[PDB]
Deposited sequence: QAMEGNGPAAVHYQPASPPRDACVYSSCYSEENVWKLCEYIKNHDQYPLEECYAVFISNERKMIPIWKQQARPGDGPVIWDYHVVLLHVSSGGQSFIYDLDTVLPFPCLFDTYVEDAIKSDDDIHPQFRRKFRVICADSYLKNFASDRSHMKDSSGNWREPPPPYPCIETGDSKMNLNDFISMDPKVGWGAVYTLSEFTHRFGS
């Protein structure tokens, strides 16, 4: 026997609609997460400041993520980058919202790290994950994408675009690379190693 602990956790009500009810485009997770933040903002359930956009990437833009819908099986999807929503409930328990995961939506933080992320120790160094964590309030206010990264030299779509106009701010129409970058001298929020990330938000 072992005590694994979270009263606020046990009766947790999701901040999102059911998985099938959410706005979703494959290979546009940065926008998928943005739309989850917009929903949470417009609904008066949770404060936006309890929520974070999490960009997962590295120097070489090759990060393995397990339990992905794209490749349903044992082995991982290798992304250039991936974005999920992290909700730290007032009690201090963390939940992951990943529309691309075969894990539950939402999923307990420790469970998502355990099955989807795993440890960076036994992983070839060039594949190791870094995490950029941005306040959902900050993400909604500052993120902009013209989707120019998703169209080839001929100007054709690599993947079909989301069915709504490009997200832009007063300040910029495209700053995606400042979120994809795991250079802490660049962009918004904080850049964390795997251990820093799991320690800060983990049970």
{"item": "Deposited-sequence ranges lacking C-alpha coordinates, in sequence order", "value": "6"}
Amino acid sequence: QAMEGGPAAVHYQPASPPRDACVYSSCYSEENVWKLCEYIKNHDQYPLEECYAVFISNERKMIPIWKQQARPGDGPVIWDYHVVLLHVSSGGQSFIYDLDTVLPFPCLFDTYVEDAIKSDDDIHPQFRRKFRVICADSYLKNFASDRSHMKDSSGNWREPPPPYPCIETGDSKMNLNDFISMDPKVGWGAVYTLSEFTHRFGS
From here on, numbers count along this sequence of modelled residues.
item: Residue stretch of maximal mean CA temperature factor, 87 to 95 vs 70 to 78; value: 70 to 78
item: Entry-level comparison of average CA B-factors, 27 to 35 and 59 to 67, reporting the higher stretch; value: 59 to 67
item: Cα B factor band for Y52 (lowest, middle or highest third within the chain); value: lowest
item: Chain-wide C-alpha B factor ranking for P162, given as lowest, middle or highest third; value: lowest
item: For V10, the third of its chain into which the C-alpha B factor falls; value: highest
item: Ranked against its chain, the third holding the CA B-factor of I123; value: highest
item: Chain third (lowest, middle, highest) by recorded CA B-factor, residue given as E114; value: highest
